[PDB]
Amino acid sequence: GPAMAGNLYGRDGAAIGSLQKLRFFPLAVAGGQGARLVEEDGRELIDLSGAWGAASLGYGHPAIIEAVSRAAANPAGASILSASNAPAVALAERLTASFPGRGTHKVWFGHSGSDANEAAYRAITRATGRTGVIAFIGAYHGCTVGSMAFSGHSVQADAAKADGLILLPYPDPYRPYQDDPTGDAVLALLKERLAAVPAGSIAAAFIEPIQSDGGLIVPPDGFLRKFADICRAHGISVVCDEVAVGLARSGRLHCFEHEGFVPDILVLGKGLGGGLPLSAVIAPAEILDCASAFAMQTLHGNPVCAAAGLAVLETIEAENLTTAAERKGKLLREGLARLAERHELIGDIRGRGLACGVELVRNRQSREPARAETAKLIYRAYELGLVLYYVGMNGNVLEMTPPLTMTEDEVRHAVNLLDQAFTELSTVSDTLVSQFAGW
């Protein structure tokens, strides 16, 4: 009753509406250091989710502290709309320099992935005068009217969709569409769907190079390249959404580096900001210059957020985090393989760098999803002092996206906590887990 209602979690219930909440257990945070969160009572936890990938440098990283304090004390105004400002320009410069399109592309800045996907779509349709768009079932591209319009994930399933939207199955090696582990069946479908619409009616294609919230799915080898070829054959812009899986997390700087294509447009978000809201679209000049005063919010490109972004990119260099994500990802995936030797629930282990997914199944032959078991597992992890969540259209993929700065010892220890969670998930009752709405 009153003590529980009076604590930070119970206060959260009383003050903050459930509209934006995605809660699985009563995590109630008052501080953070490194890869640790600190609850109101002082209890420490290891954040395997790394705030869903946003805490790219963990919590209280010196580079973020310095850049944000400096920017606070001497800000170049508060916006990029009606002034140029030094940090946003230098950020935009560094991002386009990182991209193979350095010679032909510019940047738009936003507050979130949703903002950024929304802008890219609006810009392509504006530039092009066409409405049609290809995206994937399971694809999470935002939670705003404009971004949910071409999303395919459960969260957006009730949302109004874009005129000319074609949603395709994302090819899952673990559950392959039409039993084809190559994904060519999806490409054949695409072509067939394209033959049924007017020539040149599709302007855009959205893809995640790993589908994150749809269930950490690394698509079959060659699939994305061949997908991009088709798009290019029809003059369709390829937009790569690397809001979850970009900027060093995959063990390459840009996830598309694993996949033998370069996108026309690259979308970035979450960890770009290091804990502050920051997003960007890197796209051909003629796309982002087709209009002005068109996709704008007052605080877009504010210097504190832009300084945080520069800090993240600078730290990716200084601490060699692209290599560190590769190295620690391998370690993490190896620890998980050892868990699979002990716990039959583990049906699959997948991912690249520190974007890792573990799929849980009731039987390894049937692959029946283990939804109830997954929900309790993460609850028991939280009790044990490990934060991670589940994703996927079946509620049954554990997601791991820790800060790129997480140490090797922390990885080892997260795997051991995970091991104990597997051993103990049914100590969590149905009634307890039922209290949290989840997805």
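One-based numbering along the sequence shown.
- Stretch comparison (53-61 versus 405-413) by mean CA B-factor in the PDB entry places 405-413 on top.
- As listed in the deposited structure, the average C-alpha B-factor of 268-276 and of 93-101 is greater for 93-101.
- When the Cα B-factors of 201, 85, 74, 322 are read from the PDB record, 201 comes out highest.
- In this entry, the residue among 120, 205, 145, 337 with the greatest C-alpha B factor is 337.
- In the deposited entry, the Cα temperature factor of residue 227 sits in the middle third of values across the chain's modelled residues.
- In the deposited entry, the Cα temperature factor of residue 363 places it in the highest third of its chain's modelled residues.
- Sorting the modelled residues of the chain by their CA temperature factor places residue 372 in the highest third.
- For residue 172, the recorded CA temperature factor ranks within the middle third of the chain's modelled residues.
- Ranked by Cα temperature factor within the chain, residue 66 sits in the middle third according to the deposited record.
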